[PDB]
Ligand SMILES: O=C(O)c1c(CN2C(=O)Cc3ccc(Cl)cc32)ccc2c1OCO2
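Next comes just one chain, in structure tokens: the form deposited without the ligand.
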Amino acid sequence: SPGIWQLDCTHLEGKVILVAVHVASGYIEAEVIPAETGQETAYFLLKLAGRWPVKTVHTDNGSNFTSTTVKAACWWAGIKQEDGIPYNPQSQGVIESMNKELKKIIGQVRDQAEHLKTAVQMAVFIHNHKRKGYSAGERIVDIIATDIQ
């Protein structure tokens, strides 16, 4: 579980926000893209796996699961690509809740940024630093550090 991430795609202002959630910690990375393509998803995963030790990715839908470009990026980066079917039904609900929370934060910062991408990165910052006590940022580092030792 230190290496397990979940992909999540949500929509705002006619654009797409692609999110990777580290399941065990709640830590996220996100980007704005014009639309969800295999190529964009592939590039996003390459960035993620260069930054964190990504072992398994639960893909967000069947198109990205099937995508040859996504499969190539997962091969390149040593990621086991899996489906994202909630065998636990409380899982989708947690993502649903996270998308709602992220959009709430985006709303709270939206006027401080001209471009949506800036607001999204402010929201990532706030999300990862929020103490719940540890923050998601603290939890992911502790989880992975423990795993290394």
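A residue's number is simply how far along the shown sequence it sits, counting from 1. Definition used throughout: the rigid core is the maximal C-alpha set that superposes within 1.5 Å between two forms.
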Item to check | Higher-deviation stretch (C-alpha RMS, rigid core fit) in 4 other deposited structures of this protein, choosing from 91 to 99 and 44 to 52 | outcome: 91 to 99
Next on the checklist: I'd like the number of residues from the deposited sequence that lie between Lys132 and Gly133 yet are not in the model, binned as none, 1 to 3, 4 to 9, or 10 or more.
Outcome noted: 4 to 9
Checklist entry - Between 98 to 106 and 81 to 89, which has the higher average C-alpha B-factor in the PDB entry? => result 81 to 89
Item to check | Greater mean Cα temperature factor according to the PDB record, 118 to 126 or 32 to 40 | outcome: 32 to 40
Item to check | Residue with maximal Cα B-factor (values as given in the PDB entry) among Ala113, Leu46, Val54, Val70 | outcome: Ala113
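Keep in mind the form deposited with the ligand bound is missing from the figure; the text below concerns it.
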Checklist entry - Where the ligand sits in the deposited complex, superposed onto the shown form by the site's C-alphas, are 3 or more of its atoms within 2.4 Å of backbone or C-beta (blocked), or none (open)? => result open
Next on the checklist: So, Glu101 and the ligand: in the deposited complex, are they within 4.5 Å at any heavy atom pair?
Outcome noted: yes
Item to check | 4.5 Å heavy atom contact, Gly84 to the ligand in the deposited complex | outcome: no
Next on the checklist: Residue-level question: is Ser97 within 4.5 Å of the ligand in the deposited complex, judged on heavy atoms?
Outcome noted: yes
Checklist outcome for this item: Near the ligand in the deposited complex, with a heavy atom at 4.5 Å or closer, the residues from 114 to 149 are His127
